[PDB]
Amino acid sequence: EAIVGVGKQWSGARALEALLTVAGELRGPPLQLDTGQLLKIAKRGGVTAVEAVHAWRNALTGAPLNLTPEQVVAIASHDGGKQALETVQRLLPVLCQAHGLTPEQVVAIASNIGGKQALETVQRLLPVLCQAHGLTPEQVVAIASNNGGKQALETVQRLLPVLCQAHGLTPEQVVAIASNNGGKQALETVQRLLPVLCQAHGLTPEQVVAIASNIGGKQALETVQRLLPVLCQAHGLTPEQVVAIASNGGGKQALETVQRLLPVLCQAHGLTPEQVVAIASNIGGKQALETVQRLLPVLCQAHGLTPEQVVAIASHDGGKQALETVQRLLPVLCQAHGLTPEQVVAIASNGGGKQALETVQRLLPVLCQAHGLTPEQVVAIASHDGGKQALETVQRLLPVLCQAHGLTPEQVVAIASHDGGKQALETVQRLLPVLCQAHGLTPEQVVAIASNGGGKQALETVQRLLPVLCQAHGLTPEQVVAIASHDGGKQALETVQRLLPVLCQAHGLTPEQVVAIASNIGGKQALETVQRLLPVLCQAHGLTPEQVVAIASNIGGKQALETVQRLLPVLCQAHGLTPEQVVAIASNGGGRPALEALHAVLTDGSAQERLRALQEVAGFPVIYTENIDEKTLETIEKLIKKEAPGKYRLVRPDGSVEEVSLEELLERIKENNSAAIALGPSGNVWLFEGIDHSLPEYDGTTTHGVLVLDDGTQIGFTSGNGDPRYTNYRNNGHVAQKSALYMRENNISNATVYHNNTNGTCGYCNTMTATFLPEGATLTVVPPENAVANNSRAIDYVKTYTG
DNA sequence: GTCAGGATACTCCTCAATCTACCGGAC
DNA sequence: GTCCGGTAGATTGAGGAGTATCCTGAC
Ligand SMILES: [Zn+2]
């Protein structure tokens, strides 16, 4: 097949005849090219590249150019390869020695279609772009290293000051646009279409750039200009969904395909617009859109896959390739290799899914029979972006890591599983004998660093910074390893290296507090966010440095830090939550979703929803107004006066809240017998109208109960947030415990408490309830009497406890 | 014969969120 | 013998990014 691949090119017959003539010496010491490299040049570079590499072989290698055989093939195997090979020979000495470019950067420029043109254009414009527009050598090379690099370089030279000054486009965004093929066209299109897309279509400059920053930016932008109002008005898609499709490579093709297939996929195939857009918003969107359009029924009716599984497979780059591979290969992996269809889909639903699927098909027998891996381990490695690369690396490298360095197969698999597993595996092979000897790290510590996403980067960064962090700042090597042991370890390590002395000298944090923040997944993000927000939270909201660190030192620290700064005003001033309680929520992982969900339910919820949300999160007893006797009405007035609450709020059945006086509420609780009084020890009193006044069904989480007193007073309790003074009690936070403690504080000698819990009352209530009760008091605990138990030593019957 | 542009597929690195086990008193 | 409350380690999903191959049109 490779011979045909050459024969069908513009110089196919000539390249094959020339290659056979010169292969005798291309395989020699000067280059030592193998069969793939020899045909690769003939296929892509053609006859001129084949003759050029041979004829100039004595200058390309063994000369001050130091252009290795692999770099020669990379340059030769392009249209115009002969031209790039001569040009890199002429300019490489100058670009490196005079302009300071790394030989790898010059080769990266040479290894493109039109490499000669990019090489000469960089030689001319590099000092101009750097000195006139502030573009670093890395940015100019990034522009140059493309097909048509010359055109991207010249266009940036002309258009950067126009886009920056006329439209406010950041110079880095101009480079980002010119960082792919067609950079000239994307820049010109942005200049032409920004007035239209931002004014007529209502798109932001960031959205226009995001589209332009991909390959085919001109085509995606022009297509959005035409199709966005059609997709929005005819099919009910939001501008964000149209841009999201356009913001992937090949956006034009996905946009037109959605317009054509969306009404068919929804009406005939039963897919939602969100599923179609999700498929469309990728590279090769149109391919997989049409692929499901035709394979969806087949995979469902013949292969037994659900629409959700097929859409999931289609939602990754190259979705068509994973879809077609599953079509033909699923019955082989599940029958010849015995894999569960869910495992094959799990592999298929990845970037490069076709490659992981085909690799398992051919490689699973080797990893299991030769290297001793289980099918679950091989699938686990396969089900990741780049799974093919990790699988091949394990096959060849595992016995070297195990036999030469003493690692277990499980440690190799653990490294292999993560995205970039190939890179972490090779990096451990190189650095493991250095890290464990030059710095004295334990091999388990190096593996712990390696077994993370981006492990290669953390391994190299520890090798560089470990002897500096432990000396310039005095950190313990264990602290550096701990920082390195999370995804993105390089980023946390570099941030600590530069930022620790600032957080200590300016913000007053200890090195241990800086490490505690750094040792997370979002380490760099939490570290930099604390630097900016700590004095703002402390001065604006009265937080201590310890509270800011407590929020930062978790997963999602940046998100919790900003959310607390954002939501504290409304959470405390409007909803009556204590700032410490908002911090307590933020101190947990996922702090922001928790506070946003609390905000949403407290803002748009009904009186019943706000009562449950506030009581479960804040903690307070609730007194129901159904009993309107003078004795209980006076109890409420007396309890309030003793506390002097700062705010009083009335909550209407529809969820709206008004600021009220105490006198108004005291009248309402007497007249309104469909209401509940919430007495927050923080100094916040609510009156809720229009609630259920009952116990919701037990849903397997925080539950409810009611305490009924002799005089008819009914006190509602929730489980969960208990009394800090009794933390050491294993019944703390239970309805029976809150009832017994309520009776103690209120000198109640008799009460009965009812709760809904279909799993039974836990055994801890059987002795601790009497302890919490004051001497002489009796509490009757009544189960729902609709279930027995879900554990041992549970109470399914009414029991009385006396203090 | 090179060169510019577009579409498509694959691989590597960071960041949150969520999801399970641990781990702790005290009748 | 939780309806509790951290703690560290383990998936699960999503987005930005650098790397790679292929085709088509115009000279
Ligand atoms: Zn209990």
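Each ligand, and each atom within it, is numbered from 1 in the order the structure gives. Every chain is numbered from 1 and lettered A, B, ... according to where its sequence line falls, protein lines coming before strand lines.
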Sorted by chain and residue number, the salt bridge (charged side-chain N to carboxylate O under 4.0 Å, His left out) partners of A:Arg592 (sequence neighbours excluded) come out as A:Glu596
| Are more than 12 heavy atoms from other residues, nucleotides or ligands located less than 6.0 Å from atom CZ of A:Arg652? | no
- Considering residues, nucleotides and ligands other than A:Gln539, do more than 12 of their heavy atoms fall under 6.0 Å from its CD? no
Without hydrogens or angle criteria, can the side chains of A:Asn350 and A:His316 be said to hold a donor-acceptor pair below 3.5 Å?
-> no
Side-chain donor-acceptor pair present, A:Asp723, A:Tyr729, cut-off under 3.5 Å:
no
Subject >> NZ/NE/NH1/NH2 to OD/OE distance under 4.0 Å, A:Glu689 and A:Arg610 >> reply: no
Excluding water, the protein N, O or S atoms sitting under 2.8 Å from the Zn ion (ligand 1) are A:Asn731 OD1, A:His734 ND1, A:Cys762 SG, A:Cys765 SG
